[PDB]
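Just model14.cif here, mmCIF, C-alpha atoms and all ligand atoms:
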```cif
data_structure
#
loop_
_atom_site.label_atom_id
_atom_site.label_comp_id
_atom_site.auth_asym_id
_atom_site.auth_seq_id
_atom_site.Cartn_x
_atom_site.Cartn_y
_atom_site.Cartn_z
CA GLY A 157 -83.05 181.43 -256.84
CA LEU A 158 -80.63 183.89 -255.27
CA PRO A 159 -77.29 184.47 -257.04
CA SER A 160 -75.49 184.56 -253.69
CA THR A 161 -76.64 180.97 -253.14
CA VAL A 162 -75.00 179.79 -256.37
CA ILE A 163 -71.91 181.86 -255.56
CA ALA A 164 -71.65 180.16 -252.16
CA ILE A 165 -72.08 176.72 -253.73
CA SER A 166 -69.38 177.40 -256.34
CA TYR A 167 -67.03 178.79 -253.68
CA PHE A 168 -67.58 175.74 -251.47
CA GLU A 169 -67.16 173.20 -254.28
CA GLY A 170 -64.13 174.89 -255.82
CA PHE A 171 -62.14 175.86 -252.73
CA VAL A 172 -63.50 175.40 -249.20
CA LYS A 173 -64.19 171.67 -249.49
CA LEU A 174 -60.82 170.93 -251.09
CA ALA A 175 -58.95 173.09 -248.57
CA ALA A 176 -60.67 171.39 -245.63
CA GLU A 177 -59.91 167.96 -247.09
CA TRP A 178 -56.25 168.94 -247.49
CA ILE A 179 -56.10 170.24 -243.91
CA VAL A 180 -57.61 167.04 -242.51
CA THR A 181 -56.03 164.32 -244.66
CA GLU A 182 -52.82 165.77 -246.16
CA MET A 183 -51.45 168.58 -243.96
CA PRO A 184 -50.29 166.34 -241.04
CA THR A 185 -48.02 164.56 -243.56
CA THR A 186 -46.88 167.65 -245.52
CA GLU A 187 -43.90 169.85 -244.64
CA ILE A 188 -44.65 173.57 -245.06
CA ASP A 189 -41.37 175.52 -245.15
CA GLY A 190 -39.71 173.07 -242.78
CA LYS A 191 -42.55 172.66 -240.29
CA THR A 192 -45.09 169.86 -239.85
CA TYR A 193 -48.46 170.94 -238.46
CA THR A 194 -50.83 168.70 -236.51
CA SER A 195 -53.72 171.20 -236.48
CA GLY A 196 -54.99 173.58 -239.13
CA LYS A 197 -57.83 176.03 -239.52
CA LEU A 198 -59.35 177.80 -242.53
CA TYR A 199 -60.84 181.24 -241.84
CA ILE A 200 -63.19 182.82 -244.38
CA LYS A 201 -62.92 186.62 -244.26
CA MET A 202 -65.83 188.66 -245.59
CA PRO A 203 -65.21 192.12 -247.04
CA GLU A 204 -66.27 194.97 -244.77
CA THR A 205 -68.45 196.19 -247.64
CA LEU A 206 -68.79 194.93 -251.21
CA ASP A 207 -66.49 197.56 -252.69
CA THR A 208 -65.32 198.04 -256.27
CA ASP A 209 -62.30 195.70 -255.95
CA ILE A 210 -62.42 192.71 -253.60
CA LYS A 211 -58.90 191.69 -254.66
CA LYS A 212 -57.51 194.91 -253.18
CA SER A 213 -59.38 194.38 -249.91
CA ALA A 214 -58.05 190.82 -249.83
CA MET A 215 -54.45 191.95 -250.44
CA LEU A 216 -54.74 194.63 -247.76
CA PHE A 217 -56.22 192.18 -245.24
CA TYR A 218 -53.52 189.60 -245.98
CA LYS A 219 -50.72 192.14 -245.54
CA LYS A 220 -52.24 193.58 -242.36
CA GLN A 221 -52.48 190.07 -240.86
CA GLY A 222 -48.85 189.12 -241.54
CA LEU A 223 -49.65 186.20 -243.84
CA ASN A 224 -47.35 184.51 -246.34
CA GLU A 225 -48.10 182.81 -249.64
CA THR A 226 -48.32 179.01 -249.60
CA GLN A 227 -50.03 176.25 -251.56
CA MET A 228 -51.74 172.90 -251.02
CA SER A 229 -51.29 169.90 -253.33
CA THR A 230 -54.73 168.39 -253.99
CA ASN A 231 -55.88 165.38 -256.01
CA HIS A 232 -59.30 166.82 -256.96
CA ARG A 233 -57.88 169.61 -259.13
CA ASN A 234 -55.21 169.64 -261.83
CA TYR A 235 -53.30 172.43 -260.05
CA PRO A 236 -52.54 173.26 -256.40
CA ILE A 237 -54.68 175.51 -254.23
CA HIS A 238 -52.91 178.80 -253.52
CA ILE A 239 -53.53 180.32 -250.09
CA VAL A 240 -52.20 182.78 -247.54
CA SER A 241 -51.37 181.43 -244.11
CA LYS A 242 -49.43 181.91 -240.89
CA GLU A 243 -48.21 179.92 -237.90
CA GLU A 244 -49.88 180.20 -234.47
CA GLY A 245 -47.97 177.89 -232.17
CA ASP A 246 -48.55 174.41 -233.59
CA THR A 247 -51.55 175.54 -235.66
CA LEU A 248 -51.52 176.46 -239.34
CA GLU A 249 -53.99 179.33 -239.82
CA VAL A 250 -55.05 179.74 -243.46
CA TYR A 251 -57.11 182.78 -244.45
CA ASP A 252 -59.17 183.55 -247.52
CA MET A 253 -61.41 186.37 -248.70
CA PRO A 254 -63.72 184.99 -251.40
CA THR A 255 -62.84 186.80 -254.63
CA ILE A 256 -65.84 185.08 -256.26
CA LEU A 257 -68.00 187.70 -254.52
CA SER A 258 -66.72 190.27 -257.05
CA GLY A 259 -69.51 189.51 -259.52
CA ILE A 260 -72.09 189.88 -256.75
CA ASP A 261 -70.95 193.47 -256.22
CA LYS A 262 -71.23 194.36 -259.90
CA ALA A 263 -74.68 192.76 -260.06
CA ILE A 264 -75.89 195.00 -257.24
CA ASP A 265 -73.79 197.78 -258.77
CA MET A 266 -75.84 197.39 -261.95
CA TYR A 267 -79.26 197.48 -260.30
CA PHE A 268 -79.12 200.24 -257.66
CA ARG A 269 -76.25 202.58 -258.56
CA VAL A 270 -78.43 204.76 -260.82
CA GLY A 271 -78.84 208.53 -260.96
CA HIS A 272 -76.15 208.92 -258.30
CA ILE A 273 -72.53 208.16 -257.42
CA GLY A 274 -72.64 206.78 -253.88
CA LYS A 275 -74.72 203.94 -252.41
CA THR A 276 -78.34 204.46 -251.38
CA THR A 277 -79.68 202.74 -248.28
CA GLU A 278 -81.57 200.32 -250.54
CA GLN A 279 -78.35 199.26 -252.26
CA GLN A 280 -76.80 198.78 -248.82
CA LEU A 281 -79.74 196.64 -247.69
CA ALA A 282 -79.65 194.45 -250.80
CA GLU A 283 -75.89 194.11 -250.42
CA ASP A 284 -76.19 193.09 -246.77
CA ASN A 285 -78.94 190.61 -247.66
CA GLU A 286 -76.78 189.02 -250.37
CA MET A 287 -73.86 188.88 -247.91
CA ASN A 288 -75.95 187.25 -245.19
CA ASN A 289 -77.43 184.71 -247.60
CA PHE A 290 -73.96 183.86 -248.91
CA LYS A 291 -72.71 183.33 -245.36
CA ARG A 292 -75.78 181.26 -244.44
CA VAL A 293 -75.49 178.96 -247.47
CA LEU A 294 -71.74 178.58 -246.93
CA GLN A 295 -72.26 177.71 -243.26
CA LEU A 296 -74.96 175.17 -244.16
CA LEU A 297 -72.60 173.55 -246.66
CA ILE A 298 -69.78 173.54 -244.09
CA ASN A 299 -71.97 171.87 -241.47
CA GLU A 300 -72.85 169.06 -243.90
CA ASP A 301 -69.15 168.25 -244.48
CA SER A 302 -67.20 166.53 -241.71
CA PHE A 303 -63.83 168.03 -242.69
CA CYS A 304 -65.30 171.52 -243.11
CA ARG A 305 -67.20 171.25 -239.82
CA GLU A 306 -63.88 170.19 -238.28
CA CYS A 307 -61.56 172.93 -239.54
CA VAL A 308 -63.48 175.72 -241.35
CA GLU A 309 -64.89 178.88 -239.77
CA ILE A 310 -66.46 182.04 -241.17
CA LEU A 311 -64.89 185.07 -239.49
CA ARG A 312 -67.23 187.15 -237.33
CA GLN A 313 -65.99 190.74 -237.30
CA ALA A 314 -66.79 193.34 -239.95
CA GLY B 157 -81.04 188.99 -260.87
CA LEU B 158 -80.10 185.75 -262.61
CA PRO B 159 -77.39 183.65 -260.92
CA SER B 160 -75.86 182.77 -264.29
CA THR B 161 -75.22 186.49 -264.82
CA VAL B 162 -73.29 186.81 -261.55
CA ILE B 163 -71.43 183.57 -262.31
CA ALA B 164 -70.38 184.96 -265.70
CA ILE B 165 -69.26 188.24 -264.12
CA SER B 166 -67.18 186.44 -261.48
CA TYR B 167 -65.66 184.15 -264.11
CA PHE B 168 -64.76 187.14 -266.31
CA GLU B 169 -63.30 189.21 -263.46
CA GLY B 170 -61.37 186.35 -261.89
CA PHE B 171 -59.95 184.60 -264.96
CA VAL B 172 -60.92 185.66 -268.50
CA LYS B 173 -59.84 189.29 -268.16
CA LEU B 174 -56.53 188.40 -266.49
CA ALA B 175 -55.78 185.63 -269.00
CA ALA B 176 -56.46 187.95 -271.95
CA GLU B 177 -54.27 190.65 -270.38
CA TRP B 178 -51.46 188.12 -269.94
CA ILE B 179 -51.81 186.91 -273.53
CA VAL B 180 -51.72 190.44 -274.94
CA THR B 181 -49.16 192.17 -272.71
CA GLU B 182 -47.05 189.46 -271.04
CA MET B 183 -46.93 186.33 -273.25
CA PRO B 184 -44.61 187.69 -276.01
CA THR B 185 -41.87 188.17 -273.36
CA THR B 186 -42.51 184.99 -271.32
CA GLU B 187 -41.16 181.50 -272.05
CA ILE B 188 -43.85 178.81 -271.94
CA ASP B 189 -42.01 175.49 -271.49
CA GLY B 190 -39.00 176.84 -273.39
CA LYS B 191 -40.77 178.59 -276.28
CA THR B 192 -41.85 182.21 -276.73
CA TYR B 193 -45.15 182.73 -278.55
CA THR B 194 -46.11 185.85 -280.51
CA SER B 195 -49.83 185.00 -280.82
CA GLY B 196 -52.20 183.43 -278.31
CA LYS B 197 -55.86 182.53 -278.00
CA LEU B 198 -58.10 181.61 -275.07
CA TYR B 199 -60.95 179.20 -275.87
CA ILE B 200 -63.86 178.85 -273.45
CA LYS B 201 -65.32 175.32 -273.53
CA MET B 202 -68.87 174.85 -272.28
CA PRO B 203 -69.90 171.42 -270.98
CA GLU B 204 -72.15 169.46 -273.32
CA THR B 205 -74.58 169.21 -270.40
CA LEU B 206 -74.36 170.54 -266.85
CA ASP B 207 -73.48 167.22 -265.22
CA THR B 208 -72.79 166.30 -261.60
CA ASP B 209 -69.03 166.98 -261.80
CA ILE B 210 -67.76 169.66 -264.19
CA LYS B 211 -64.15 169.08 -263.11
CA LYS B 212 -64.28 165.53 -264.49
CA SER B 213 -65.71 166.74 -267.81
CA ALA B 214 -62.98 169.39 -267.91
CA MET B 215 -60.20 166.87 -267.27
CA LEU B 216 -61.64 164.54 -269.90
CA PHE B 217 -61.87 167.35 -272.46
CA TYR B 218 -58.31 168.47 -271.71
CA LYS B 219 -56.96 164.94 -272.17
CA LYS B 220 -58.97 164.47 -275.38
CA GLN B 221 -57.47 167.69 -276.79
CA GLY B 222 -53.87 166.78 -275.92
CA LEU B 223 -53.34 169.71 -273.57
CA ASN B 224 -50.63 170.13 -270.93
CA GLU B 225 -50.55 172.10 -267.69
CA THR B 226 -48.90 175.53 -267.76
CA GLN B 227 -49.28 178.74 -265.78
CA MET B 228 -49.49 182.45 -266.50
CA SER B 229 -47.74 185.10 -264.40
CA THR B 230 -50.09 187.97 -263.56
CA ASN B 231 -49.69 191.14 -261.50
CA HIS B 232 -53.38 191.38 -260.57
CA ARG B 233 -53.37 188.29 -258.31
CA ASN B 234 -51.00 187.09 -255.62
CA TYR B 235 -50.66 183.69 -257.33
CA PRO B 236 -50.29 182.54 -260.95
CA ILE B 237 -53.15 181.57 -263.24
CA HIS B 238 -53.09 177.84 -263.97
CA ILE B 239 -54.24 176.76 -267.43
CA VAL B 240 -54.10 173.96 -269.98
CA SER B 241 -52.65 174.75 -273.39
CA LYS B 242 -51.04 173.39 -276.54
CA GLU B 243 -48.94 174.63 -279.45
CA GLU B 244 -50.38 175.21 -282.93
CA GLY B 245 -47.54 176.50 -285.09
CA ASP B 246 -46.59 179.86 -283.59
CA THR B 247 -49.87 180.17 -281.66
CA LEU B 248 -50.40 179.26 -278.01
CA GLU B 249 -53.93 177.86 -277.68
CA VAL B 250 -55.27 178.05 -274.12
CA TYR B 251 -58.45 176.19 -273.16
CA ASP B 252 -60.66 176.39 -270.09
CA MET B 253 -63.94 174.85 -269.00
CA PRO B 254 -65.46 177.12 -266.34
CA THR B 255 -65.57 175.10 -263.11
CA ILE B 256 -67.51 177.99 -261.52
CA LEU B 257 -70.59 176.62 -263.31
CA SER B 258 -70.67 173.73 -260.81
CA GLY B 259 -72.84 175.65 -258.36
CA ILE B 260 -75.32 176.50 -261.12
CA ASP B 261 -75.96 172.79 -261.67
CA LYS B 262 -76.55 172.11 -257.98
CA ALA B 263 -78.85 175.13 -257.76
CA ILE B 264 -81.07 173.72 -260.51
CA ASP B 265 -81.09 170.40 -258.65
CA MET B 266 -82.89 172.12 -255.75
CA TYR B 267 -85.91 173.45 -257.63
CA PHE B 268 -86.86 170.77 -260.17
CA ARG B 269 -84.82 167.59 -259.65
CA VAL B 270 -87.40 166.10 -257.26
CA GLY B 271 -89.75 163.14 -257.62
CA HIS B 272 -87.48 161.67 -260.31
CA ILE B 273 -83.89 160.52 -260.75
CA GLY B 274 -82.82 161.84 -264.16
CA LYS B 275 -83.37 165.32 -265.59
CA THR B 276 -86.84 166.23 -266.83
CA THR B 277 -87.21 168.28 -270.00
CA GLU B 278 -88.36 171.26 -267.90
CA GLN B 279 -85.29 171.06 -265.66
CA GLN B 280 -83.19 170.66 -268.81
CA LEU B 281 -84.93 173.73 -270.25
CA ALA B 282 -84.07 175.84 -267.21
CA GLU B 283 -80.51 174.49 -267.33
CA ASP B 284 -80.09 175.39 -271.00
CA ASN B 285 -81.53 178.84 -270.32
CA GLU B 286 -79.04 179.41 -267.51
CA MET B 287 -76.17 178.21 -269.72
CA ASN B 288 -77.20 180.40 -272.65
CA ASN B 289 -77.51 183.43 -270.37
CA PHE B 290 -74.05 182.68 -268.96
CA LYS B 291 -72.60 182.52 -272.47
CA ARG B 292 -74.36 185.71 -273.57
CA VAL B 293 -73.27 187.72 -270.52
CA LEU B 294 -69.71 186.41 -270.87
CA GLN B 295 -69.64 187.36 -274.56
CA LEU B 296 -70.96 190.85 -273.78
CA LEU B 297 -68.21 191.27 -271.18
CA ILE B 298 -65.61 190.01 -273.67
CA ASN B 299 -66.75 192.46 -276.36
CA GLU B 300 -66.38 195.42 -273.97
CA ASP B 301 -62.73 194.55 -273.23
CA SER B 302 -60.16 195.18 -275.95
CA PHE B 303 -57.79 192.37 -274.95
CA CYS B 304 -60.63 189.87 -274.57
CA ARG B 305 -62.18 190.96 -277.87
CA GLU B 306 -58.72 190.44 -279.38
CA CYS B 307 -57.84 186.96 -278.09
CA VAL B 308 -60.84 185.30 -276.34
CA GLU B 309 -63.45 183.09 -277.99
CA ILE B 310 -66.34 180.95 -276.74
CA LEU B 311 -66.22 177.57 -278.47
CA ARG B 312 -69.04 176.79 -280.91
CA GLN B 313 -69.61 173.04 -280.95
CA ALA B 314 -71.71 171.11 -278.44
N1 LIG C 401 -57.32 181.55 -252.28
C1 LIG C 401 -57.84 180.68 -253.31
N2 LIG C 401 -59.25 180.78 -253.70
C2 LIG C 401 -59.78 179.88 -254.76
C3 LIG C 401 -58.98 178.97 -255.39
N3 LIG C 401 -59.71 178.31 -256.29
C4 LIG C 401 -60.98 178.78 -256.26
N4 LIG C 401 -60.96 179.73 -255.32
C5 LIG C 401 -62.11 180.51 -254.95
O1 LIG C 401 -63.47 179.71 -255.32
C6 LIG C 401 -64.10 180.40 -256.23
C7 LIG C 401 -64.67 179.45 -257.31
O2 LIG C 401 -63.61 178.80 -257.95
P1 LIG C 401 -63.90 178.10 -259.40
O3 LIG C 401 -65.14 177.28 -259.15
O4 LIG C 401 -62.86 177.09 -259.82
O5 LIG C 401 -64.35 179.16 -260.59
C8 LIG C 401 -63.17 179.97 -261.02
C9 LIG C 401 -62.64 179.45 -261.99
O6 LIG C 401 -63.66 178.84 -262.91
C10 LIG C 401 -61.92 180.69 -262.75
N5 LIG C 401 -60.70 180.84 -262.31
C11 LIG C 401 -60.20 181.65 -261.36
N6 LIG C 401 -58.88 181.42 -261.29
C12 LIG C 401 -58.58 180.49 -262.19
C13 LIG C 401 -57.26 179.83 -262.57
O7 LIG C 401 -56.26 180.14 -262.02
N7 LIG C 401 -57.22 178.83 -263.59
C14 LIG C 401 -58.43 178.45 -264.27
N8 LIG C 401 -58.39 177.44 -265.31
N9 LIG C 401 -59.69 179.08 -263.90
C15 LIG C 401 -59.72 180.12 -262.84
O8 LIG C 401 -62.77 181.89 -262.39
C16 LIG C 401 -63.67 181.49 -261.54
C17 LIG C 401 -63.78 182.42 -260.40
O9 LIG C 401 -62.57 182.44 -259.69
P2 LIG C 401 -62.69 183.35 -258.32
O10 LIG C 401 -63.50 184.57 -258.69
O11 LIG C 401 -61.39 183.88 -257.76
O12 LIG C 401 -63.64 182.48 -257.27
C18 LIG C 401 -63.04 181.35 -256.83
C19 LIG C 401 -62.13 181.63 -255.62
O13 LIG C 401 -62.72 182.70 -254.76
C20 LIG C 401 -57.50 178.87 -254.98
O14 LIG C 401 -56.79 178.08 -255.50
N10 LIG C 401 -56.99 179.72 -253.96
#
```

With the file now loaded, output its structure as structure tokens.
Amino acid sequence: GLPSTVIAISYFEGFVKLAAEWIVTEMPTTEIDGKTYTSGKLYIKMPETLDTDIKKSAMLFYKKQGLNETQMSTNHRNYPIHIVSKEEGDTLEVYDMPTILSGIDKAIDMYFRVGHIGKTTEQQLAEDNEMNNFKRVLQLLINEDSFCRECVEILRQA
Amino acid sequence: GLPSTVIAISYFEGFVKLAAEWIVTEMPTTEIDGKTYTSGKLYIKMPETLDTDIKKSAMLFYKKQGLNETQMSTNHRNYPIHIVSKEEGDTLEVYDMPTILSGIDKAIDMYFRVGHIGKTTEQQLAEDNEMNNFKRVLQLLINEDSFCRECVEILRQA
């Protein structure tokens, strides 16, 4: 019963699965700012470290990658899925850094950050373990979904 | 620690806090479908039971309450916060059923929901414990935030 497992499941059910389904079944028939894409990819970007504010790391990564704000109209949620994306030739490259990981940080930040300001090596190990388990569960869920296996990737670099 | 704790923290950081901040500091100067409200409330609706699809229960509850889709404009996220709401006199009543709980359900289904089809009383016990811990952690986070303490409530009835 790891919390990163539940976080990965919630992230997959509430975003990754719907985004992959939109890429596979709706994007080829949807015009995004004038263009019609035949191929799309969703890239999951992990934070370099689980810092105090994952939203700021996400904003910085999106601006440094030259992404623009777009949205996908889905039928499995009452409101569209907001994303950041860019064009690479004929491919629509969507990126996302999972903001749901925020809680994870605070959880670790409430168990190890004691009697000191920085991050002990034990906090770093527990953080890396939670990160790796999140990535493993997310990859297992992606592999069991045809659309996700088709168009979703977890980014490698740190 | 407990996955319900991390789920509550992520739900508070990614929605409840921002919605309360919008209600307190941005709603009195924003037109919601033509009207400008001076008082607003956010009501958190827990599912009666943690069923297979929390999005369907949420849609059903929203239709049974006569709610309509609106959106809040926030400066802490690159895209607006989508909500369901209604008008009660001069008060804007916002409702939300936390879809993030979905993962929790599935997690429980991988430790007890075996060798049977339904939900045993022991699995139901663990599910109720996770739900109660989620509600308690969320309430503790609400009480430590002035805006949330001002305008956020967890619904009573089952
Ligand atoms: N780029 C992008 N990512 C998405 C989107 N929808 C979900 N995600 C990601 O998937 C995670 C789980 O979403 P959730 O299950 O609906 O669980 C959500 C959801 O219950 C609530 N929440 C967040 N934003 C909203 C909102 O705008 N409206 C409502 N009614 N609830 C929200 O807080 C919980 C946590 O949200 P997050 O921490 O950000 O964590 C979210 C987020 O990282 C999207 O449209 N665009």

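Going from atom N6 of ligand LIG 401 (chain C) over to CA of residue 238 (chain B), you cover 7.3 Å.
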
Taking all atoms listed in the file into account, find every residue of chain A that has an atom no more than 7 Å from chain B, and write it out as a VMD selection string. chain A and resid 158 to 159 162 to 163 165 to 166 235 238 256 258 to 260 263

List the spatial neighbours of residue 308 (chain A) as a PyMOL selection string - criterion: any atom at most 9 Å away, all atoms listed in the file, same-chain residues fewer than 6 positions off excluded. chain A and resi 172+175-176+197-200+298

Keeping C-alpha atoms, export the residues of the selection given above as a PDB file, in the frame of the given file.
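Output saved as part01.pdb:
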```
ATOM      1  CA  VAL A 172     -63.500 175.400-249.200  1.00  0.00           C
ATOM      2  CA  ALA A 175     -58.950 173.090-248.570  1.00  0.00           C
ATOM      3  CA  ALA A 176     -60.670 171.390-245.630  1.00  0.00           C
ATOM      4  CA  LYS A 197     -57.830 176.030-239.520  1.00  0.00           C
ATOM      5  CA  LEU A 198     -59.350 177.800-242.530  1.00  0.00           C
ATOM      6  CA  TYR A 199     -60.840 181.240-241.840  1.00  0.00           C
ATOM      7  CA  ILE A 200     -63.190 182.820-244.380  1.00  0.00           C
ATOM      8  CA  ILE A 298     -69.780 173.540-244.090  1.00  0.00           C
TER       9      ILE A 298
END
```

What does chain B look like after a least-squares fit onto chain A on every Cα paired in order, written as a compact mmCIF listing (two decimals) with C-alpha atoms, in the frame of the given file?
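Writing done, so here's part-v1.txt:
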```txt
# COMPACT_ATOMS: atom_id res chain seq x y z
CA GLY B 157 -82.81 181.37 -257.25
CA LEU B 158 -80.55 183.86 -255.48
CA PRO B 159 -77.15 184.50 -257.09
CA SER B 160 -75.47 184.63 -253.68
CA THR B 161 -76.58 181.02 -253.15
CA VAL B 162 -74.93 179.84 -256.37
CA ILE B 163 -71.83 181.90 -255.56
CA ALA B 164 -71.59 180.22 -252.15
CA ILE B 165 -72.03 176.77 -253.71
CA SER B 166 -69.30 177.42 -256.29
CA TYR B 167 -66.98 178.80 -253.61
CA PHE B 168 -67.57 175.75 -251.40
CA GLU B 169 -67.13 173.22 -254.22
CA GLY B 170 -64.09 174.89 -255.73
CA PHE B 171 -62.10 175.84 -252.62
CA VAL B 172 -63.53 175.36 -249.11
CA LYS B 173 -64.19 171.63 -249.44
CA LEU B 174 -60.80 170.92 -251.02
CA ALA B 175 -58.94 173.08 -248.48
CA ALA B 176 -60.66 171.34 -245.56
CA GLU B 177 -59.88 167.93 -247.08
CA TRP B 178 -56.23 168.92 -247.44
CA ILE B 179 -56.08 170.19 -243.86
CA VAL B 180 -57.62 167.01 -242.46
CA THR B 181 -56.06 164.29 -244.63
CA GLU B 182 -52.92 165.75 -246.24
CA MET B 183 -51.45 168.51 -244.02
CA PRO B 184 -50.06 166.28 -241.20
CA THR B 185 -47.77 164.59 -243.79
CA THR B 186 -46.86 167.70 -245.83
CA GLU B 187 -44.10 170.22 -245.06
CA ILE B 188 -45.29 173.83 -245.23
CA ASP B 189 -42.14 175.96 -245.62
CA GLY B 190 -40.11 173.42 -243.65
CA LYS B 191 -42.54 172.68 -240.81
CA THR B 192 -45.15 169.93 -240.40
CA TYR B 193 -48.37 170.97 -238.67
CA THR B 194 -50.68 168.63 -236.74
CA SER B 195 -53.62 171.07 -236.52
CA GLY B 196 -54.97 173.52 -239.08
CA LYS B 197 -57.83 175.96 -239.48
CA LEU B 198 -59.34 177.77 -242.46
CA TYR B 199 -60.82 181.21 -241.73
CA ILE B 200 -63.21 182.81 -244.22
CA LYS B 201 -62.92 186.62 -244.16
CA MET B 202 -65.85 188.63 -245.50
CA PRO B 203 -65.20 192.14 -246.82
CA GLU B 204 -66.38 194.92 -244.53
CA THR B 205 -68.37 196.21 -247.51
CA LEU B 206 -68.68 194.90 -251.05
CA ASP B 207 -66.37 197.45 -252.65
CA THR B 208 -65.25 197.93 -256.25
CA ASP B 209 -62.21 195.63 -255.96
CA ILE B 210 -62.33 192.69 -253.55
CA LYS B 211 -58.83 191.57 -254.53
CA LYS B 212 -57.38 194.82 -253.15
CA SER B 213 -59.28 194.41 -249.87
CA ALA B 214 -58.03 190.81 -249.71
CA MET B 215 -54.40 191.81 -250.27
CA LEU B 216 -54.70 194.56 -247.67
CA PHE B 217 -56.23 192.17 -245.13
CA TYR B 218 -53.54 189.57 -245.79
CA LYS B 219 -50.76 192.12 -245.29
CA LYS B 220 -52.41 193.47 -242.13
CA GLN B 221 -52.56 189.93 -240.69
CA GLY B 222 -48.91 189.11 -241.47
CA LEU B 223 -49.70 186.24 -243.81
CA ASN B 224 -47.41 184.62 -246.38
CA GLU B 225 -48.15 182.80 -249.63
CA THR B 226 -48.22 178.99 -249.53
CA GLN B 227 -49.96 176.28 -251.52
CA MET B 228 -51.83 173.07 -250.82
CA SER B 229 -51.42 169.90 -252.88
CA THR B 230 -54.78 168.38 -253.79
CA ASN B 231 -55.81 165.35 -255.85
CA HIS B 232 -59.19 166.79 -256.87
CA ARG B 233 -57.73 169.53 -259.12
CA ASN B 234 -55.01 169.51 -261.75
CA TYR B 235 -53.22 172.41 -260.02
CA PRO B 236 -52.46 173.30 -256.39
CA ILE B 237 -54.63 175.47 -254.17
CA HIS B 238 -52.91 178.78 -253.42
CA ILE B 239 -53.54 180.29 -249.99
CA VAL B 240 -52.21 182.75 -247.43
CA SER B 241 -51.35 181.43 -243.99
CA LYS B 242 -49.38 181.94 -240.80
CA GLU B 243 -48.13 179.92 -237.84
CA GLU B 244 -49.76 180.08 -234.40
CA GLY B 245 -47.85 177.67 -232.17
CA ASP B 246 -48.48 174.22 -233.65
CA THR B 247 -51.50 175.41 -235.67
CA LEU B 248 -51.48 176.43 -239.33
CA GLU B 249 -53.99 179.26 -239.74
CA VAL B 250 -55.19 179.66 -243.33
CA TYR B 251 -57.17 182.75 -244.37
CA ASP B 252 -59.16 183.54 -247.49
CA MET B 253 -61.37 186.38 -248.66
CA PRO B 254 -63.69 185.01 -251.36
CA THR B 255 -62.80 186.84 -254.59
CA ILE B 256 -65.80 185.12 -256.23
CA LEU B 257 -67.97 187.74 -254.52
CA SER B 258 -66.68 190.34 -257.01
CA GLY B 259 -69.43 189.58 -259.52
CA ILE B 260 -72.09 189.96 -256.82
CA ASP B 261 -71.00 193.56 -256.28
CA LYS B 262 -71.14 194.40 -259.98
CA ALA B 263 -74.55 192.74 -260.27
CA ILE B 264 -75.96 195.02 -257.57
CA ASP B 265 -74.44 197.98 -259.42
CA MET B 266 -76.75 197.23 -262.37
CA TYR B 267 -80.09 197.41 -260.57
CA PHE B 268 -79.79 200.26 -258.04
CA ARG B 269 -76.53 202.18 -258.50
CA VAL B 270 -78.10 204.65 -260.95
CA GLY B 271 -78.88 208.35 -260.64
CA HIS B 272 -76.25 208.66 -257.89
CA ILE B 273 -72.54 208.08 -257.36
CA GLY B 274 -72.26 206.45 -253.93
CA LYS B 275 -74.35 203.60 -252.52
CA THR B 276 -77.89 204.36 -251.37
CA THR B 277 -79.21 202.72 -248.22
CA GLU B 278 -81.53 200.56 -250.35
CA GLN B 279 -78.65 199.34 -252.52
CA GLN B 280 -76.67 198.78 -249.31
CA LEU B 281 -79.64 196.83 -247.93
CA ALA B 282 -79.75 194.54 -250.95
CA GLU B 283 -75.96 194.14 -250.74
CA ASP B 284 -76.08 193.18 -247.06
CA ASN B 285 -78.90 190.74 -247.79
CA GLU B 286 -76.87 189.09 -250.54
CA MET B 287 -73.82 188.89 -248.25
CA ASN B 288 -75.79 187.42 -245.35
CA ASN B 289 -77.38 184.83 -247.65
CA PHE B 290 -73.92 183.93 -248.97
CA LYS B 291 -72.64 183.46 -245.43
CA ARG B 292 -75.67 181.41 -244.38
CA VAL B 293 -75.53 179.10 -247.41
CA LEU B 294 -71.77 178.67 -246.96
CA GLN B 295 -72.22 177.82 -243.28
CA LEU B 296 -74.95 175.29 -244.10
CA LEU B 297 -72.62 173.66 -246.63
CA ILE B 298 -69.80 173.63 -244.07
CA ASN B 299 -71.98 171.98 -241.42
CA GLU B 300 -72.92 169.15 -243.81
CA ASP B 301 -69.26 168.28 -244.45
CA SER B 302 -67.31 166.58 -241.67
CA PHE B 303 -63.91 168.02 -242.61
CA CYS B 304 -65.31 171.52 -243.05
CA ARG B 305 -67.26 171.28 -239.79
CA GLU B 306 -63.97 170.20 -238.19
CA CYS B 307 -61.59 172.90 -239.45
CA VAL B 308 -63.48 175.72 -241.27
CA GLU B 309 -64.85 178.88 -239.68
CA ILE B 310 -66.44 182.08 -241.00
CA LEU B 311 -64.85 185.06 -239.25
CA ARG B 312 -67.08 187.04 -236.88
CA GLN B 313 -65.90 190.65 -236.85
CA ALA B 314 -66.85 193.30 -239.40
```

Build an axis-aligned box that encloses every atom of ligand LIG 401 (chain C) listed in the file, pad it by 3 Å on each side, and report its centre and edge lengths in Å to one decimal, as JSON.
```
{"center_x": -60.7, "center_y": 180.8, "center_z": -258.8, "size_x": 14.9, "size_y": 13.5, "size_z": 19.0}
```

For CA of residue 297 (chain B) and atom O8 of ligand LIG 401 (chain C), the interatomic separation in Å (one decimal): 14.0 Å

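Closest to ligand LIG 401 (chain C) among A:273, A:314, A:253, A:179 is A:253, based on all atoms listed in the file.
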
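Each of B:311, B:171, B:292, B:301 was checked against ligand LIG 401 (chain C) using all atoms listed in the file; the smallest atom-to-atom distance is that of B:171.
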